[PDB]
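For reference, the chain that follows is the form deposited in one PDB entry, supplied as structure tokens.
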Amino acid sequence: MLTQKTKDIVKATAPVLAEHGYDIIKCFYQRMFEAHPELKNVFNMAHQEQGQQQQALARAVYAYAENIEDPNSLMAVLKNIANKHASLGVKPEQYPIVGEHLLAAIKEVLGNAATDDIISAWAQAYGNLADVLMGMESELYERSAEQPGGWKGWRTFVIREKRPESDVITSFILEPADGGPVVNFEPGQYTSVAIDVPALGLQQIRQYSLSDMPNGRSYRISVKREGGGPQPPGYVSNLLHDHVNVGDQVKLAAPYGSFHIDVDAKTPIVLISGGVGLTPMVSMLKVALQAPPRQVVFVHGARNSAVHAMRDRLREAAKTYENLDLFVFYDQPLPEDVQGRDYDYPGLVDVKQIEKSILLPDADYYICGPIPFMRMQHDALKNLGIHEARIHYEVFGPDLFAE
């Protein structure tokens, strides 16, 4: 447990770590992978190139520092991390590994300025956080293992169906190879797919929102095929699209995540999604429409009808349920897309154009999409007078990028 002086050295040196974040990260991964190459099967090797983990580092240290005196704030962010670590299968025996190489990297990068006081302060911070996280993770693993259909580690699933939703999104319906039950989850949570990537010669692991309601038998994910454009195609999404077919197997983690509706709440929900960001929203939509009403406004932004996932099922739902309001925004509508017919508004989701429809008293707001889209929606909701406690979000990259 940290003394005041130790917290103060952390506060004082957080900017020093942040502005050297690039070199510390590079040195950290080089050291750590030289000593433990097997860990490349757990880390993302695509992010291993790009900015950008350096952005997240800077944000972590700065958020750690500004919150080191506020254990409640600290516990909440740690929960997001523990959930993500549990999904990846992070093990207690890995904390000393990561800790040594992280400290060796800080030491190397800071050179002469890596004084005993600084290294010692951060080494203590590291051990404090590690203890909190290992215990959270352990609790998460045990709760999953003990529930009906629950497990620890990887469980083999088989693809039962694979249904294209648009030119870029495809849904995979997944049942366990063993034919047994599958643990429940809160709508909004995710699984992780761990699969071998022959281009890399390594396993990679990626999270996917559980895009259907819980049913005890199967899970559904909806995977957007990534990239080409100007930048490299993504490893796992293309691999799932092109090489994982009906009857093939993948390994899945038990559901985790702290982004989810409270299923027991009477109160309204507003679901604001950009592109593939709709995936947790659909799960939330389908559970909420179990009356208990509850009142759902589904707000979705997509480029056009060619990329809009689950177009038909969503409008059919809005014709059938009183408590659902559907608003679709097309940013670049196709010649055959017509406003007021195939979608409601042109351009990006704009909350002012549906203000009365979304300002439901007692409402919780959920937001998922690219980070610029998320910050835009976040700011707009604040401008209406909605309290931050009522705004929730899940990132399709690192959860610390728009904090």
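For clarity, a rigid core is taken as the largest C-alpha set superposing within 1.5 Å between two forms. Just count from 1 along the sequence shown to find any residue number.
- Look at the mean CA B-factor for 270-278 and for 204-212 in the entry; the higher one is 270-278.
- The PDB entry reports B-factors from which the mean C-alpha value can be compared for 300-308 and 252-260; the larger average falls on 300-308.
- Taking the deposited Cα B-factors for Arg217, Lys107, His85, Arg313, the highest one is held by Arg313.
- Annotation for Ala113, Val223, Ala291, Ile173: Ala291 ranks highest, by Cα B-factor.
- The PDB entry assigns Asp196 a C-alpha temperature factor belonging to the lowest third of its chain's modelled residues.
- Per the deposited record, the Cα B-factor of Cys27 falls in the lowest third when ranked against the other modelled residues of its chain.
- Remark: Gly229 belongs to the highest third of its chain, ranked by C-alpha B-factor as recorded.
- Ranked by C-alpha B-factor against the other modelled residues of its chain, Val42 falls in the lowest third.
- Split the chain's modelled residues into thirds by C-alpha temperature factor. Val395 is in the highest one.
The same protein has a further form, the form deposited in another entry, not shown here; the description that follows concerns it.
- Just one of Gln203, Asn304, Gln249, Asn80 moves its Cα by 2 Å or more between the shown form and the other one on a rigid core overlay, and this residue is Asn304.
- Once the rigid core is used as the reference frame, the Cα position of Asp379 differs between the shown form and the other one by 2 Å or more.
- The two forms, fitted on the rigid core, differ between the shown form and the other one by 2 Å or more at the CA of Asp262.
- When two forms of a protein are overlaid on their rigid core, residues whose CA moves 2 Å or more are considered shifted, and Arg163 is not one of them between the shown form and the other one.
- Between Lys79 and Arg390, the C-alpha separation shrinks by 3 Å or more in that other deposited form, relative to the conformation displayed.
- In that other deposited form, the CA atoms of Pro398 and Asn238 come closer by at least 3 angstroms compared with the shown structure.
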